[PDB]
Amino acid sequence: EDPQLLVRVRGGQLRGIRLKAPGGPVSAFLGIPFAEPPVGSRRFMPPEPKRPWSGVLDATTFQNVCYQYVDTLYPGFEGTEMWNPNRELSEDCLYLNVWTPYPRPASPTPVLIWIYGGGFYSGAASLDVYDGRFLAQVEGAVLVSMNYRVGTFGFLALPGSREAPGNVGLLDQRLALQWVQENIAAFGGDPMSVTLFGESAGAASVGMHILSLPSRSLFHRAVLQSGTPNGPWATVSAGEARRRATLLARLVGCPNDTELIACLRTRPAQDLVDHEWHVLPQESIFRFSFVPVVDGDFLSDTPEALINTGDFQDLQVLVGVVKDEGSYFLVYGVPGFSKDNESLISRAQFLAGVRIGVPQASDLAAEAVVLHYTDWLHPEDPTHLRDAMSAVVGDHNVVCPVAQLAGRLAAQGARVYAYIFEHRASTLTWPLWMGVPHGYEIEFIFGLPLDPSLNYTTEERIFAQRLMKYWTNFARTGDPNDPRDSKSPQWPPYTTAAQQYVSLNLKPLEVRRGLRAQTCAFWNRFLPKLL
Amino acid sequence: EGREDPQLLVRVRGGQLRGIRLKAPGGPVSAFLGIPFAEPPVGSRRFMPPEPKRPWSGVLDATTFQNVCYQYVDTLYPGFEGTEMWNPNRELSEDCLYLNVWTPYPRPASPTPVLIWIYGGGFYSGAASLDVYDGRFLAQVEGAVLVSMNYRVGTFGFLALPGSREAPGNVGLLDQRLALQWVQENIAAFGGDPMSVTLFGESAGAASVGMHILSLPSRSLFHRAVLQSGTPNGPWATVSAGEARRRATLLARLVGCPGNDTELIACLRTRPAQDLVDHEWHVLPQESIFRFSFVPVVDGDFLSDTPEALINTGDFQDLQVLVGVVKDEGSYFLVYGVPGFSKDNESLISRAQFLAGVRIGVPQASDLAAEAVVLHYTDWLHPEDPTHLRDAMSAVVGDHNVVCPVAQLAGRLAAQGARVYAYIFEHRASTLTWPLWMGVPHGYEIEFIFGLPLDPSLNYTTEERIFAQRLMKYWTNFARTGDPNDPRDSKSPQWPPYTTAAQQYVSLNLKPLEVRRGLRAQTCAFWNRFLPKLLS
Ligand SMILES: *[C@@H]1O[C@H](CO[C@@H]2O[C@@H](C)[C@@H](O)[C@@H](O)[C@@H]2O)[C@@H](O)[C@H](O)[C@H]1NC(C)=O
Ligand SMILES: *[C@@H]1O[C@H](CO)[C@@H](O)[C@H](O)[C@H]1NC(C)=O
């Protein structure tokens, strides 16, 4: 019984496990319950704090993955399998994980809290790309990651109802943040220094905690990787949530709110997942059925309204995108695209793809998009058309919403740092045409290249170390730059005036200005006016 | 006769003419100036199509320029070279239908290709007698036979009551057509070849050339065409019959007339010419720039349909066309109407002034289309930079009115089978009197095409002189063969045809030809494809 692996938290005692990291051991406490299992009558309901337990709780293995749709697009393909559940599915899934250096930190260490992505319909804190041992061992960080309900279980809502109020998956996240405040000191973490970081829907989640008052006292800084609370897919109005929920109910034979929800609660979990995707209003990509809802509660107004009118002084934020945000979503629904060929498309296929990629666009807006993205020197060139299709999806869903958030936060007094991640992993299994896809900067931030057995190059290992440094320096001080390192160059804050951001790749930081400025003016200023 | 120069006496359909021997830097040239080609369109002939000139007896003196067609005179900058070089340099009169001919001296031995110049001036001004249109250099150096005619402008040439008998519209275009017929019948007497006639013109002149290309009866009067900074399609070169009627009747009211067409026109004909000129600008529907009151009207006659419809569905095989723009088409128009601009300061404007400028420069734009323009032209890295805003205002005006209409025309002509050559003129005359911020303004390539730099007394640089000669070569080679390239000289890079596929065009400046691709392709897609669809 190694005393370093024995911790007492408010609920009782835990036993962690010593894990081996390339440069030394780390302590891991996996599968710690932070809420009462949200099963039976608790389905769709806000999470309740976990009741205390007797004895020593075994926290040596990852707990179950929240019930969710499983990808079958490319069966057995590492590219899609690396994101699939790697533990049993269960509605009993509200657990969190803590990695700490071994022996545990002598003095209070800044805490990083990871919130995974997966379109609000999938994901798990147990995936290998979210392994916190490297950041714990190399940077001496205390890293926490929690499971939160996704799909219908975490976001199906009948606004105004008592039994399915919406946003419970965000409340799962909040409860875990509350747990860190109350317990992290026992692991040597500093509850006075908590940094949230997440990617895609995880980044959007982080943004929603920034925009929801009760969450604000639970953290101090934030990192939003390729996702934002504002934008076309991260939220739905109360009316559209209600619509989707009642339509899903009908598809599974159900049934007044109470009765509808009571009947939904009797349905096996897989039945809900089976009809999840049938409620979207149009054929599309980068759109998800059950996501956070503007309820007038967790979200007092639309993210747009809240970022425009919020005061963000005393908040530091790191935001960024990867070089090809859209490619990944194309094989998932646009005729002509595949991971197995060059995906050279026709102009006809391009016009078709735009309707799918910008599903809420009127015919006129769609033509505006086509005309803005067509390269008039080579209007028929398949290579340009394929790349332009990717750019349209990535700009509309991630890049422009990120530029928008970055600008409003800076204007509203926040300290902001922005980046574009441009390195494609040597180990990437998707075709070259997809470039640096959505989600592929994560393995570098978590430091996986430091694992010899993974076969990353020596340069990639040096690169990962650089990133871990930027992220942990940011967690420690709200500034990603090295406090004792001259000869850099420096990563300057992003401002509405100069709009500076940096490129993250194998070469030294390079400062650029204007994040897709002309194109985002099109998405952020003109298309809306084409109301 | 008997005692004068035997080499200056010529006979044309209407009678005998006596020209004058003019000195050109490299030798003498023959000039026949002020040849009448129509009956004076005065009195009951005002607003009416021109009638052929009745024969005269004796020898008509053709040694001096004739009157300039009655027109508005520019006062923006009194005594300023920049605006004065374009103002009438002979007496204003409604009796102004005369043309001029320059030919080598002695006259050419064998039939020489003819160049016919059609001046610009927004269809409300201009004259074939201006110094920048002097044909002596092209005549002397390239051995060209050059012809230029006066045509009615403003109300006299374009006021119309569509359908009426007394003001059918487009009579200024009919004045030009009559001069083209005069050339067919008479140019051989000067040594010119009626089988080889090339029309060239700038701004409204270029638009005019384009309308002759789109009008059947004019097609048999020429073989090749050059359109410099102007097109028949576009936002300012034509108005619908309804808009012409509206403007004509509003003008009639402003001068106290008259009801029915006959009476209204009969009353307008009693008005002093100056009163019509004094009110012509008062009929435009919005505060604007690059918009002219009385211009060609889509009458269903001279213009069977809109130039747009005609270029989209026309067959242009066997047509060779040279087309181009200068580097800063819009700058000239900003000092004539956009608050914040002046020829006397750097015209650094505010974002507010830019937004107001856009409404004036794109007068037909709805609020939404105007915002689309502002968003497209704003540099989002430096949205408040005054230098960028000033330059973007210029580009907005130039692209909307000249550059994109030219891109559109070049593309449809090529697709419809025409052989097209395209250029962008980028050299600013060392003698330019406009401020530097204006760059290479609309109209400032003309003095080079005509070879004025060859005149020692004008103070152009030695490089400008060689440059002028190159341009004259391109234009006359094109007139001679339908190809600007020198049949010999394989050395100099070649000027390739413009095609929808490659979209090639060349840069004309002091350096050797450089081929570029896509004439403002991205921006012109906005003006030519998107703005129209924003038709709702
Ligand atoms: C540039 O000039 C514009 C026109 O104003 C006139 O010309 C200038 C040079 C002065 O002489 C002025 O007194 C004249 O009325 C102005 O509207 C514009 O604001 C000026 N821009 C400057 C100098 O900032
Ligand atoms: C690429 O693969 C997909 C799926 O097999 C196919 O539909 C498409 O036609 C292929 N060809 C292309 C677009 O390059």
Side-chain angles (χ1 to χ4, degrees), chain A residues 347 350-351 354 361-381 384-385 388 391 395 399-400 403-404 406-408 410-411 418 492 494-501 511-531, chain B residues 351 354-355 358 365-385 388-389 392 395 399 403-404 407-408 410-412 414-415 422 498-505 515-536:
Chain A
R347 185 157 175 88
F350 175 54
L351 288 250
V354 168
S362 63
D363 296 299
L364 183 54
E367 201 43 46
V369 178
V370 168
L371 296 182
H372 179 96
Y373 280 86
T374 296
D375 185 307
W376 293 106
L377 261 188
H378 318 97
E380 308 290 329
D381 183 52
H384 282 69
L385 293 170
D395 296 339
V399 184
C400 292
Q404 166 99 303
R408 310 303 305 198
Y494 174 92
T495 57
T496 62
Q499 299 175 62
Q500 296 169 291
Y501 65 102
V511 180
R512 297 186 189 158
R513 293 180 57 177
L515 183 51
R516 296 273 230 287
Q518 291 316 105
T519 289
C520 288
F522 168 76
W523 294 104
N524 302 345
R525 292 167 198 263
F526 182 66
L527 283 188
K529 223 182 171 288
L530 188 61
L531 36 74
Chain B
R351 185 158 183 82
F354 174 67
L355 301 198
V358 169
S366 60
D367 289 339
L368 186 61
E371 204 34 56
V373 171
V374 163
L375 300 181
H376 189 80
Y377 280 84
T378 292
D379 168 347
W380 297 97
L381 264 187
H382 313 78
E384 303 295 71
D385 184 69
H388 172 66
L389 291 167
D399 293 350
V403 185
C404 295
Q408 172 100 301
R412 315 296 312 196
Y498 172 92
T499 59
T500 52
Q503 309 179 64
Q504 303 173 280
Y505 66 99
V515 175
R516 298 182 193 164
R517 294 192 52 200
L519 185 53
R520 295 273 244 287
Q522 228 43 45
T523 294
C524 287
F526 166 76
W527 296 103
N528 307 336
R529 292 155 194 278
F530 182 67
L531 270 197
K533 263 209 76 185
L534 191 60
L535 56 72
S536 313

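Naming convention: chains lettered A, B, ... in sequence-line order (proteins, then strands); numbering from 1 in each chain. Scope of the values below: all heavy atoms of this structure, side chains included, with no hydrogens, waters or symmetry mates.
For chain A, the nearby parts of B/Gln522 are the backbone and the side chain; heavy atoms of each come within less than 4.5 Å. Contacts of A/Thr496 with chain B are absent, with no heavy-atom separation under 4.5 Å from either backbone or side chain. When heavy atoms are compared at a cutoff of 4.5 Å, B/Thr378 approaches chain A solely by way of its backbone atoms N, CA, C and O.
Note on A/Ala497, A/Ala517, A/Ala498: by heavy-atom pairs under 4.5 Å with chain B, the leading option is A/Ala517.
Formation of a donor-acceptor pair under 3.5 Å by the B/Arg351 side chain with backbone atoms of B/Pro383 is found in this model.
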Contacts table for residues 519-531 of chain A: side-chain donor-acceptor under 3.5 angstrom, sequence neighbours left out:
unit_1: A/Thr519; atom_1: OG1; unit_2: A/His372; atom_2: NE2; d: 3.1
unit_1: A/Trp523; atom_1: NE1; unit_2: A/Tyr373; atom_2: OH; d: 2.8
unit_1: A/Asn524; atom_1: ND2; unit_2: A/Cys400; atom_2: O; d: 3.1

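A/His384 and A/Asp381 share a side-chain donor-acceptor pair at under 3.5 Å.
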Side chain to side chain contact (heavy atoms under 4.5 Å, CB included) between B/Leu381 and A/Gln499, intermediate numbers included: CA-CA 7 Å; B/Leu381 264 187; A/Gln499 299 175 62; 3.9 Å; yes
